[PDB]
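Structure record follows, encoded as structure tokens.
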Amino acid sequence: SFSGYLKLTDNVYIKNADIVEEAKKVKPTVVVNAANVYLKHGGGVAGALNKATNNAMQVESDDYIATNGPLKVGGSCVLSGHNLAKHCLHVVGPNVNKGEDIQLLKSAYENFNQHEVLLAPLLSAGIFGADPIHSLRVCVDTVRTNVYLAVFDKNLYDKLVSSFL
Ligand SMILES: CC(C)c1ncc(Cl)c(C(N)=O)n1
């Protein structure tokens, strides 16, 4: 199962890892994507996960949006995990760089409670512009299911662990 994680709480674990490499290694039931409402996987975690699927994630996502329309900020959808996981849970955290409401981060993390165990990034972190320390706090205070967080940046991982209350 998941290896090398630091246990933060009863159900939240964290590791300095590339979520793509982690997903290819574990092949978890659920990998979370840091999605946008359009499922346009251009950069950050979404661009990296999509590139690992040879764009199959984007082709599937475009068919999903053509049928259903965009997701809501704070919402999610379950699609295939392709070569990375059984499923991909595409979760839309607020993008602070697009002037979106940071209060929607708790709603975004609530999507994780529909899955017993997940491999995930910190929502709204990175190119989404939120403070990753705040994202980890919301994660631990919202998610009740088993969440294995992959933090790509070593310096951020160390800052997250050393400042964890
Ligand atoms: C009825 C189908 C199209 C549906 N409705 C809503 C969602 Cl959120 C999902 C999903 N892929 O998780 N699928």
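Labels for the structure tokens follow display order: chains A, B, ..., residues from 1 in each chain, ligands from 1.
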
Expected selection as a PyMOL selection string for ligand 1 within 9 Å, only C-alpha atoms and all ligand atoms: chain A and resi 64+67-68+71+75-80+89-90

Closest pair table for segment 25-107 of chain A residues within 10 Å of segment 140-145 of chain A, only C-alpha atoms, as a Markdown table:
```
| residue | atom | partner | partner_atom | distance |
| --- | --- | --- | --- | --- |
| A:105 | CA | A:142 | CA | 9.6 |
| A:106 | CA | A:142 | CA | 6.5 |
| A:107 | CA | A:142 | CA | 8.6 |
```

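Of the listed residues A:100, A:110, A:10, A:21, the one whose atoms come nearest to residue 48 of chain A is A:21, with distances taken using only C-alpha atoms.
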
DSSP-assigned strand (DSSP E) among chain A, expressed as a PyMOL selection string: chain A and resi 6-7+12-16+30-34+76-80+87-91+117-120+146-151

Given the selection you just returned, output its residues as a file containing N, CA, C and O atoms, formatted as a tab-separated table (two decimals), in the first residue's frame.
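File produced: selection.tsv:
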```tsv
chain	number	residue	atom	x	y	z
A	6	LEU	N	4.42	10.35	6.44
A	6	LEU	CA	4.42	10.84	7.81
A	6	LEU	C	2.94	10.93	8.20
A	6	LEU	O	2.13	11.48	7.46
A	7	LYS	N	2.59	10.38	9.38
A	7	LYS	CA	1.23	10.43	9.88
A	7	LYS	C	1.00	11.78	10.56
A	7	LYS	O	1.71	12.08	11.51
A	12	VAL	N	-4.97	11.53	8.20
A	12	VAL	CA	-4.22	12.29	7.19
A	12	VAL	C	-2.74	11.95	7.27
A	12	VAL	O	-2.14	12.00	8.35
A	13	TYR	N	-2.16	11.62	6.12
A	13	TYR	CA	-0.75	11.25	5.93
A	13	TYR	C	-0.13	12.16	4.88
A	13	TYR	O	-0.85	12.67	4.02
A	14	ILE	N	1.18	12.38	4.94
A	14	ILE	CA	1.84	13.30	4.01
A	14	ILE	C	3.21	12.79	3.60
A	14	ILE	O	3.91	12.15	4.38
A	15	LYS	N	3.60	13.04	2.36
A	15	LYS	CA	4.89	12.59	1.82
A	15	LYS	C	5.39	13.59	0.80
A	15	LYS	O	4.58	14.23	0.10
A	16	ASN	N	6.71	13.77	0.73
A	16	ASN	CA	7.31	14.63	-0.30
A	16	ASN	C	7.44	13.72	-1.50
A	16	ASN	O	8.30	12.84	-1.53
A	30	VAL	N	-8.25	5.68	-5.83
A	30	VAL	CA	-8.58	7.05	-6.20
A	30	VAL	C	-7.36	7.95	-6.14
A	30	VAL	O	-6.71	8.06	-5.11
A	31	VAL	N	-7.09	8.63	-7.23
A	31	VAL	CA	-6.14	9.72	-7.26
A	31	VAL	C	-6.96	11.01	-7.45
A	31	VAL	O	-7.86	11.05	-8.29
A	32	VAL	N	-6.71	12.03	-6.65
A	32	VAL	CA	-7.37	13.30	-6.78
A	32	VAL	C	-6.61	14.19	-7.75
A	32	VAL	O	-5.40	14.35	-7.64
A	33	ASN	N	-7.35	14.82	-8.65
A	33	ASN	CA	-6.78	15.82	-9.52
A	33	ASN	C	-7.20	17.21	-9.04
A	33	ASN	O	-8.35	17.43	-8.61
A	34	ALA	N	-6.25	18.15	-9.07
A	34	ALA	CA	-6.49	19.55	-8.80
A	34	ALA	C	-7.07	20.16	-10.09
A	34	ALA	O	-6.38	20.77	-10.89
A	76	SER	N	-16.92	18.25	-7.67
A	76	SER	CA	-16.07	17.20	-8.18
A	76	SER	C	-16.81	16.30	-9.14
A	76	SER	O	-18.05	16.31	-9.18
A	77	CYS	N	-16.07	15.48	-9.84
A	77	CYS	CA	-16.64	14.38	-10.57
A	77	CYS	C	-15.65	13.21	-10.54
A	77	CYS	O	-14.42	13.42	-10.41
A	78	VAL	N	-16.15	12.00	-10.67
A	78	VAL	CA	-15.33	10.81	-10.73
A	78	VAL	C	-15.21	10.36	-12.17
A	78	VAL	O	-16.22	10.12	-12.83
A	79	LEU	N	-14.00	10.28	-12.66
A	79	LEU	CA	-13.74	9.77	-13.99
A	79	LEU	C	-12.71	8.61	-13.89
A	79	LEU	O	-12.31	8.21	-12.79
A	80	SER	N	-12.24	8.08	-15.02
A	80	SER	CA	-11.27	7.01	-15.01
A	80	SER	C	-9.95	7.52	-14.45
A	80	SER	O	-9.60	8.69	-14.62
A	87	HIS	N	-9.78	5.18	-10.32
A	87	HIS	CA	-10.56	6.38	-10.59
A	87	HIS	C	-9.74	7.61	-10.36
A	87	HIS	O	-8.82	7.63	-9.53
A	88	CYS	N	-10.12	8.69	-11.03
A	88	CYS	CA	-9.62	10.00	-10.74
A	88	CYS	C	-10.80	10.81	-10.23
A	88	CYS	O	-11.81	10.94	-10.92
A	89	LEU	N	-10.65	11.36	-9.04
A	89	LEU	CA	-11.62	12.27	-8.48
A	89	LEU	C	-11.15	13.68	-8.81
A	89	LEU	O	-10.16	14.17	-8.24
A	90	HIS	N	-11.78	14.31	-9.80
A	90	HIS	CA	-11.42	15.67	-10.20
A	90	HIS	C	-12.10	16.62	-9.28
A	90	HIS	O	-13.33	16.70	-9.29
A	91	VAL	N	-11.34	17.30	-8.42
A	91	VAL	CA	-11.90	18.21	-7.43
A	91	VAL	C	-11.50	19.63	-7.74
A	91	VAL	O	-10.33	19.87	-7.99
A	117	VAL	N	-10.34	5.87	0.81
A	117	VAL	CA	-8.92	6.19	0.78
A	117	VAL	C	-8.57	6.90	-0.52
A	117	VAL	O	-9.07	6.54	-1.60
A	118	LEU	N	-7.74	7.94	-0.42
A	118	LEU	CA	-7.36	8.70	-1.61
A	118	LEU	C	-5.91	9.10	-1.57
A	118	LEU	O	-5.38	9.40	-0.50
A	119	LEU	N	-5.29	9.19	-2.74
A	119	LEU	CA	-3.98	9.79	-2.97
A	119	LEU	C	-4.33	11.20	-3.48
A	119	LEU	O	-5.09	11.30	-4.45
A	120	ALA	N	-3.81	12.27	-2.87
A	120	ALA	CA	-4.23	13.60	-3.25
A	120	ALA	C	-3.18	14.65	-3.15
A	120	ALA	O	-2.31	14.56	-2.30
A	146	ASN	N	-9.35	8.32	4.74
A	146	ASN	CA	-7.88	8.23	4.74
A	146	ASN	C	-7.27	8.92	3.54
A	146	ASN	O	-7.44	8.47	2.41
A	147	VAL	N	-6.60	10.05	3.78
A	147	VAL	CA	-6.03	10.83	2.69
A	147	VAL	C	-4.50	10.87	2.78
A	147	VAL	O	-3.94	11.23	3.82
A	148	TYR	N	-3.85	10.44	1.69
A	148	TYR	CA	-2.40	10.38	1.53
A	148	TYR	C	-2.01	11.52	0.64
A	148	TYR	O	-2.27	11.48	-0.57
A	149	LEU	N	-1.45	12.56	1.24
A	149	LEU	CA	-1.08	13.78	0.55
A	149	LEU	C	0.30	13.69	-0.03
A	149	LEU	O	1.26	13.40	0.69
A	150	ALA	N	0.43	14.00	-1.31
A	150	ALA	CA	1.71	14.05	-1.99
A	150	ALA	C	2.06	15.53	-2.22
A	150	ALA	O	1.30	16.25	-2.87
A	151	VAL	N	3.17	16.00	-1.65
A	151	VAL	CA	3.60	17.38	-1.79
A	151	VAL	C	4.87	17.34	-2.62
A	151	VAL	O	5.87	16.77	-2.19
```

Among chain A, which residues does DSSP mark as helix (DSSP H, G or I) when it is run on the backbone? Keep the chain and numbering as in the structure and answer as a PDB file with N, CA and C atoms, in the first residue's frame.
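Result file states25.pdb:
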```
ATOM      1  N   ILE A  19       3.092  13.286  -7.240  1.00  0.00           N
ATOM      2  CA  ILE A  19       1.834  12.546  -7.245  1.00  0.00           C
ATOM      3  C   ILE A  19       1.693  11.629  -8.470  1.00  0.00           C
ATOM      4  N   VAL A  20       2.308  11.974  -9.628  1.00  0.00           N
ATOM      5  CA  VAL A  20       2.269  11.097 -10.813  1.00  0.00           C
ATOM      6  C   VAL A  20       3.079   9.842 -10.547  1.00  0.00           C
ATOM      7  N   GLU A  21       4.324  10.007 -10.037  1.00  0.00           N
ATOM      8  CA  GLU A  21       5.165   8.868  -9.704  1.00  0.00           C
ATOM      9  C   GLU A  21       4.562   8.023  -8.590  1.00  0.00           C
ATOM     10  N   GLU A  22       3.937   8.679  -7.620  1.00  0.00           N
ATOM     11  CA  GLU A  22       3.258   8.000  -6.542  1.00  0.00           C
ATOM     12  C   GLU A  22       2.072   7.173  -7.057  1.00  0.00           C
ATOM     13  N   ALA A  23       1.248   7.773  -7.928  1.00  0.00           N
ATOM     14  CA  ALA A  23       0.129   7.058  -8.515  1.00  0.00           C
ATOM     15  C   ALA A  23       0.604   5.869  -9.364  1.00  0.00           C
ATOM     16  N   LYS A  24       1.630   6.032 -10.218  1.00  0.00           N
ATOM     17  CA  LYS A  24       2.114   4.902 -11.024  1.00  0.00           C
ATOM     18  C   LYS A  24       2.634   3.755 -10.154  1.00  0.00           C
ATOM     19  N   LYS A  25       3.207   4.084  -8.995  1.00  0.00           N
ATOM     20  CA  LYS A  25       3.749   3.104  -8.065  1.00  0.00           C
ATOM     21  C   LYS A  25       2.653   2.387  -7.251  1.00  0.00           C
ATOM     22  N   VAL A  26       1.746   3.142  -6.629  1.00  0.00           N
ATOM     23  CA  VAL A  26       0.709   2.558  -5.783  1.00  0.00           C
ATOM     24  C   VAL A  26      -0.477   2.008  -6.585  1.00  0.00           C
ATOM     25  N   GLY A  44       0.167  22.630 -13.596  1.00  0.00           N
ATOM     26  CA  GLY A  44       0.147  22.158 -12.210  1.00  0.00           C
ATOM     27  C   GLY A  44      -0.035  20.656 -12.135  1.00  0.00           C
ATOM     28  N   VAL A  45      -0.699  20.193 -11.080  1.00  0.00           N
ATOM     29  CA  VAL A  45      -0.981  18.773 -10.924  1.00  0.00           C
ATOM     30  C   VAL A  45      -1.813  18.229 -12.109  1.00  0.00           C
ATOM     31  N   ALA A  46      -2.835  18.986 -12.544  1.00  0.00           N
ATOM     32  CA  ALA A  46      -3.707  18.505 -13.647  1.00  0.00           C
ATOM     33  C   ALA A  46      -2.949  18.270 -14.933  1.00  0.00           C
ATOM     34  N   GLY A  47      -2.058  19.190 -15.278  1.00  0.00           N
ATOM     35  CA  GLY A  47      -1.255  19.034 -16.491  1.00  0.00           C
ATOM     36  C   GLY A  47      -0.321  17.846 -16.393  1.00  0.00           C
ATOM     37  N   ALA A  48       0.242  17.627 -15.189  1.00  0.00           N
ATOM     38  CA  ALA A  48       1.140  16.517 -14.969  1.00  0.00           C
ATOM     39  C   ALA A  48       0.404  15.182 -15.008  1.00  0.00           C
ATOM     40  N   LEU A  49      -0.769  15.092 -14.332  1.00  0.00           N
ATOM     41  CA  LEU A  49      -1.552  13.843 -14.373  1.00  0.00           C
ATOM     42  C   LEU A  49      -2.012  13.560 -15.799  1.00  0.00           C
ATOM     43  N   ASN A  50      -2.497  14.598 -16.491  1.00  0.00           N
ATOM     44  CA  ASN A  50      -2.976  14.388 -17.851  1.00  0.00           C
ATOM     45  C   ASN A  50      -1.835  13.939 -18.777  1.00  0.00           C
ATOM     46  N   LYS A  51      -0.650  14.584 -18.672  1.00  0.00           N
ATOM     47  CA  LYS A  51       0.489  14.183 -19.497  1.00  0.00           C
ATOM     48  C   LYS A  51       0.857  12.710 -19.256  1.00  0.00           C
ATOM     49  N   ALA A  52       0.767  12.254 -17.985  1.00  0.00           N
ATOM     50  CA  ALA A  52       1.069  10.860 -17.662  1.00  0.00           C
ATOM     51  C   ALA A  52       0.089   9.877 -18.314  1.00  0.00           C
ATOM     52  N   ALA A  56      -5.161  10.970 -22.461  1.00  0.00           N
ATOM     53  CA  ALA A  56      -6.441  10.245 -22.382  1.00  0.00           C
ATOM     54  C   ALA A  56      -7.361  10.881 -21.338  1.00  0.00           C
ATOM     55  N   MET A  57      -6.789  11.424 -20.254  1.00  0.00           N
ATOM     56  CA  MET A  57      -7.588  12.122 -19.261  1.00  0.00           C
ATOM     57  C   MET A  57      -8.303  13.336 -19.876  1.00  0.00           C
ATOM     58  N   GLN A  58      -7.597  14.100 -20.715  1.00  0.00           N
ATOM     59  CA  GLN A  58      -8.185  15.274 -21.348  1.00  0.00           C
ATOM     60  C   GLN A  58      -9.273  14.901 -22.362  1.00  0.00           C
ATOM     61  N   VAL A  59      -9.066  13.824 -23.121  1.00  0.00           N
ATOM     62  CA  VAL A  59     -10.069  13.384 -24.101  1.00  0.00           C
ATOM     63  C   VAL A  59     -11.344  12.947 -23.350  1.00  0.00           C
ATOM     64  N   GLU A  60     -11.170  12.188 -22.261  1.00  0.00           N
ATOM     65  CA  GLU A  60     -12.318  11.762 -21.484  1.00  0.00           C
ATOM     66  C   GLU A  60     -13.017  12.967 -20.850  1.00  0.00           C
ATOM     67  N   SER A  61     -12.224  13.920 -20.355  1.00  0.00           N
ATOM     68  CA  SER A  61     -12.746  15.105 -19.695  1.00  0.00           C
ATOM     69  C   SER A  61     -13.529  15.982 -20.652  1.00  0.00           C
ATOM     70  N   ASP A  62     -13.042  16.131 -21.881  1.00  0.00           N
ATOM     71  CA  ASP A  62     -13.758  16.945 -22.870  1.00  0.00           C
ATOM     72  C   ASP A  62     -15.120  16.337 -23.205  1.00  0.00           C
ATOM     73  N   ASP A  63     -15.192  15.004 -23.292  1.00  0.00           N
ATOM     74  CA  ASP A  63     -16.474  14.343 -23.534  1.00  0.00           C
ATOM     75  C   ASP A  63     -17.389  14.584 -22.311  1.00  0.00           C
ATOM     76  N   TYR A  64     -16.836  14.471 -21.081  1.00  0.00           N
ATOM     77  CA  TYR A  64     -17.643  14.721 -19.882  1.00  0.00           C
ATOM     78  C   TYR A  64     -18.211  16.169 -19.869  1.00  0.00           C
ATOM     79  N   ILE A  65     -17.396  17.190 -20.178  1.00  0.00           N
ATOM     80  CA  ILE A  65     -17.862  18.568 -20.176  1.00  0.00           C
ATOM     81  C   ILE A  65     -18.857  18.790 -21.308  1.00  0.00           C
ATOM     82  N   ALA A  66     -18.616  18.191 -22.479  1.00  0.00           N
ATOM     83  CA  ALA A  66     -19.570  18.350 -23.597  1.00  0.00           C
ATOM     84  C   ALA A  66     -20.977  17.842 -23.199  1.00  0.00           C
ATOM     85  N   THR A  67     -21.020  16.768 -22.418  1.00  0.00           N
ATOM     86  CA  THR A  67     -22.292  16.202 -21.982  1.00  0.00           C
ATOM     87  C   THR A  67     -22.894  16.945 -20.797  1.00  0.00           C
ATOM     88  N   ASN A  68     -22.071  17.270 -19.806  1.00  0.00           N
ATOM     89  CA  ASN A  68     -22.575  17.759 -18.524  1.00  0.00           C
ATOM     90  C   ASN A  68     -22.403  19.219 -18.205  1.00  0.00           C
ATOM     91  N   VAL A  96      -7.445  31.260  -6.212  1.00  0.00           N
ATOM     92  CA  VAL A  96      -7.271  32.606  -5.678  1.00  0.00           C
ATOM     93  C   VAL A  96      -6.750  33.565  -6.794  1.00  0.00           C
ATOM     94  N   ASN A  97      -5.940  33.042  -7.741  1.00  0.00           N
ATOM     95  CA  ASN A  97      -5.386  33.817  -8.881  1.00  0.00           C
ATOM     96  C   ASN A  97      -6.457  34.209  -9.918  1.00  0.00           C
ATOM     97  N   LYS A  98      -7.621  33.526  -9.899  1.00  0.00           N
ATOM     98  CA  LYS A  98      -8.808  33.853 -10.720  1.00  0.00           C
ATOM     99  C   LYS A  98      -9.890  34.583  -9.839  1.00  0.00           C
ATOM    100  N   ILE A 102     -11.863  31.712  -1.328  1.00  0.00           N
ATOM    101  CA  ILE A 102     -11.085  30.752  -0.543  1.00  0.00           C
ATOM    102  C   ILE A 102     -11.967  29.963   0.450  1.00  0.00           C
ATOM    103  N   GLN A 103     -13.133  30.521   0.850  1.00  0.00           N
ATOM    104  CA  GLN A 103     -14.072  29.822   1.723  1.00  0.00           C
ATOM    105  C   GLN A 103     -14.609  28.521   1.098  1.00  0.00           C
ATOM    106  N   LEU A 104     -14.542  28.371  -0.251  1.00  0.00           N
ATOM    107  CA  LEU A 104     -14.974  27.158  -0.952  1.00  0.00           C
ATOM    108  C   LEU A 104     -13.984  25.989  -0.825  1.00  0.00           C
ATOM    109  N   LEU A 105     -12.810  26.209  -0.171  1.00  0.00           N
ATOM    110  CA  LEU A 105     -11.842  25.145  -0.012  1.00  0.00           C
ATOM    111  C   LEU A 105     -12.401  24.020   0.878  1.00  0.00           C
ATOM    112  N   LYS A 106     -13.184  24.371   1.934  1.00  0.00           N
ATOM    113  CA  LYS A 106     -13.764  23.320   2.771  1.00  0.00           C
ATOM    114  C   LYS A 106     -14.746  22.469   1.954  1.00  0.00           C
ATOM    115  N   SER A 107     -15.607  23.115   1.131  1.00  0.00           N
ATOM    116  CA  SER A 107     -16.524  22.365   0.269  1.00  0.00           C
ATOM    117  C   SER A 107     -15.779  21.450  -0.696  1.00  0.00           C
ATOM    118  N   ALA A 108     -14.647  21.936  -1.229  1.00  0.00           N
ATOM    119  CA  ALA A 108     -13.840  21.133  -2.138  1.00  0.00           C
ATOM    120  C   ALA A 108     -13.299  19.878  -1.417  1.00  0.00           C
ATOM    121  N   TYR A 109     -12.764  20.052  -0.179  1.00  0.00           N
ATOM    122  CA  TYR A 109     -12.255  18.901   0.575  1.00  0.00           C
ATOM    123  C   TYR A 109     -13.362  17.916   0.985  1.00  0.00           C
ATOM    124  N   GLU A 110     -14.608  18.409   1.150  1.00  0.00           N
ATOM    125  CA  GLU A 110     -15.715  17.517   1.519  1.00  0.00           C
ATOM    126  C   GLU A 110     -15.952  16.418   0.484  1.00  0.00           C
ATOM    127  N   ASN A 111     -15.575  16.682  -0.795  1.00  0.00           N
ATOM    128  CA  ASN A 111     -15.682  15.643  -1.809  1.00  0.00           C
ATOM    129  C   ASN A 111     -14.856  14.396  -1.461  1.00  0.00           C
ATOM    130  N   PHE A 112     -13.721  14.584  -0.732  1.00  0.00           N
ATOM    131  CA  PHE A 112     -12.865  13.452  -0.382  1.00  0.00           C
ATOM    132  C   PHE A 112     -13.582  12.447   0.550  1.00  0.00           C
ATOM    133  N   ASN A 113     -14.575  12.935   1.327  1.00  0.00           N
ATOM    134  CA  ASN A 113     -15.291  12.065   2.260  1.00  0.00           C
ATOM    135  C   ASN A 113     -16.147  10.998   1.611  1.00  0.00           C
ATOM    136  N   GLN A 114     -16.361  11.094   0.280  1.00  0.00           N
ATOM    137  CA  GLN A 114     -17.100  10.069  -0.435  1.00  0.00           C
ATOM    138  C   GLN A 114     -16.217   8.872  -0.841  1.00  0.00           C
ATOM    139  N   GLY A 126      -0.188  25.514  -4.988  1.00  0.00           N
ATOM    140  CA  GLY A 126       0.514  25.676  -6.252  1.00  0.00           C
ATOM    141  C   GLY A 126      -0.053  26.810  -7.066  1.00  0.00           C
ATOM    142  N   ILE A 127      -0.282  26.519  -8.365  1.00  0.00           N
ATOM    143  CA  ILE A 127      -0.765  27.529  -9.291  1.00  0.00           C
ATOM    144  C   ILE A 127      -2.188  28.017  -8.988  1.00  0.00           C
ATOM    145  N   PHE A 128      -2.911  27.366  -8.038  1.00  0.00           N
ATOM    146  CA  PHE A 128      -4.226  27.860  -7.630  1.00  0.00           C
ATOM    147  C   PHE A 128      -4.107  29.036  -6.637  1.00  0.00           C
ATOM    148  N   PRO A 132      -0.592  26.935   1.075  1.00  0.00           N
ATOM    149  CA  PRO A 132      -0.628  25.486   1.325  1.00  0.00           C
ATOM    150  C   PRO A 132      -0.776  25.099   2.807  1.00  0.00           C
ATOM    151  N   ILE A 133      -0.264  25.937   3.726  1.00  0.00           N
ATOM    152  CA  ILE A 133      -0.422  25.676   5.163  1.00  0.00           C
ATOM    153  C   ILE A 133      -1.931  25.720   5.529  1.00  0.00           C
ATOM    154  N   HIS A 134      -2.644  26.700   4.966  1.00  0.00           N
ATOM    155  CA  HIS A 134      -4.081  26.819   5.180  1.00  0.00           C
ATOM    156  C   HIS A 134      -4.791  25.615   4.541  1.00  0.00           C
ATOM    157  N   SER A 135      -4.370  25.204   3.337  1.00  0.00           N
ATOM    158  CA  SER A 135      -4.982  24.049   2.672  1.00  0.00           C
ATOM    159  C   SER A 135      -4.838  22.777   3.495  1.00  0.00           C
ATOM    160  N   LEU A 136      -3.657  22.551   4.090  1.00  0.00           N
ATOM    161  CA  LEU A 136      -3.449  21.374   4.924  1.00  0.00           C
ATOM    162  C   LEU A 136      -4.335  21.405   6.164  1.00  0.00           C
ATOM    163  N   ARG A 137      -4.507  22.589   6.758  1.00  0.00           N
ATOM    164  CA  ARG A 137      -5.335  22.780   7.940  1.00  0.00           C
ATOM    165  C   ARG A 137      -6.791  22.441   7.594  1.00  0.00           C
ATOM    166  N   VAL A 138      -7.282  22.975   6.460  1.00  0.00           N
ATOM    167  CA  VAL A 138      -8.662  22.686   6.027  1.00  0.00           C
ATOM    168  C   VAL A 138      -8.813  21.202   5.729  1.00  0.00           C
ATOM    169  N   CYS A 139      -7.815  20.594   5.088  1.00  0.00           N
ATOM    170  CA  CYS A 139      -7.827  19.165   4.827  1.00  0.00           C
ATOM    171  C   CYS A 139      -7.999  18.351   6.128  1.00  0.00           C
ATOM    172  N   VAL A 140      -7.140  18.609   7.116  1.00  0.00           N
ATOM    173  CA  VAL A 140      -7.199  17.843   8.356  1.00  0.00           C
ATOM    174  C   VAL A 140      -8.498  18.088   9.110  1.00  0.00           C
ATOM    175  N   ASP A 141      -9.050  19.299   9.026  1.00  0.00           N
ATOM    176  CA  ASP A 141     -10.295  19.630   9.713  1.00  0.00           C
ATOM    177  C   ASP A 141     -11.558  19.280   8.935  1.00  0.00           C
ATOM    178  N   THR A 142     -11.429  18.782   7.698  1.00  0.00           N
ATOM    179  CA  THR A 142     -12.609  18.475   6.875  1.00  0.00           C
ATOM    180  C   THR A 142     -12.687  17.022   6.472  1.00  0.00           C
ATOM    181  N   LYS A 154       9.985  19.808  -1.906  1.00  0.00           N
ATOM    182  CA  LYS A 154      10.605  19.406  -0.616  1.00  0.00           C
ATOM    183  C   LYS A 154      10.574  20.522   0.422  1.00  0.00           C
ATOM    184  N   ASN A 155      10.912  21.740  -0.006  1.00  0.00           N
ATOM    185  CA  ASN A 155      10.957  22.877   0.896  1.00  0.00           C
ATOM    186  C   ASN A 155       9.576  23.182   1.462  1.00  0.00           C
ATOM    187  N   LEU A 156       8.536  23.091   0.620  1.00  0.00           N
ATOM    188  CA  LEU A 156       7.173  23.269   1.100  1.00  0.00           C
ATOM    189  C   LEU A 156       6.791  22.111   2.023  1.00  0.00           C
ATOM    190  N   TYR A 157       7.106  20.859   1.653  1.00  0.00           N
ATOM    191  CA  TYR A 157       6.819  19.693   2.508  1.00  0.00           C
ATOM    192  C   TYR A 157       7.403  19.902   3.935  1.00  0.00           C
ATOM    193  N   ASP A 158       8.677  20.316   3.996  1.00  0.00           N
ATOM    194  CA  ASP A 158       9.323  20.553   5.288  1.00  0.00           C
ATOM    195  C   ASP A 158       8.640  21.657   6.059  1.00  0.00           C
ATOM    196  N   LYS A 159       8.240  22.733   5.369  1.00  0.00           N
ATOM    197  CA  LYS A 159       7.541  23.837   5.995  1.00  0.00           C
ATOM    198  C   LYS A 159       6.172  23.374   6.519  1.00  0.00           C
ATOM    199  N   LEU A 160       5.466  22.537   5.744  1.00  0.00           N
ATOM    200  CA  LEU A 160       4.151  22.007   6.127  1.00  0.00           C
ATOM    201  C   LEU A 160       4.265  21.122   7.372  1.00  0.00           C
ATOM    202  N   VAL A 161       5.248  20.215   7.395  1.00  0.00           N
ATOM    203  CA  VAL A 161       5.410  19.322   8.543  1.00  0.00           C
ATOM    204  C   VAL A 161       5.861  20.100   9.794  1.00  0.00           C
ATOM    205  N   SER A 162       6.893  20.942   9.636  1.00  0.00           N
ATOM    206  CA  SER A 162       7.440  21.684  10.768  1.00  0.00           C
ATOM    207  C   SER A 162       6.485  22.680  11.369  1.00  0.00           C
ATOM    208  N   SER A 163       5.500  23.168  10.607  1.00  0.00           N
ATOM    209  CA  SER A 163       4.524  24.131  11.139  1.00  0.00           C
ATOM    210  C   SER A 163       3.171  23.489  11.498  1.00  0.00           C
TER     211      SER A 163
END
```

Interatomic distance (Å, one decimal) between atom CA of residue 131 of chain A and atom CA of residue 164 of chain A: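 That distance, rounded to one decimal, is 13.4 Å.
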
Best match for closeness to residue 124 of chain A among A:95, A:11, A:55, A:29, counting only C-alpha atoms: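 Answer, going by the shortest atom-to-atom distance: A:95.
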
Separation of atom CA of residue 1 of chain A from atom CA of residue 165 of chain A in Å: 26.5 Å

Nearest to residue 28 of chain A, chosen from A:74, A:101, A:2, A:121, with only C-alpha atoms counted in the distances: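 Ranking A:74, A:101, A:2, A:121 by distance to residue 28 of chain A, first place goes to A:2.
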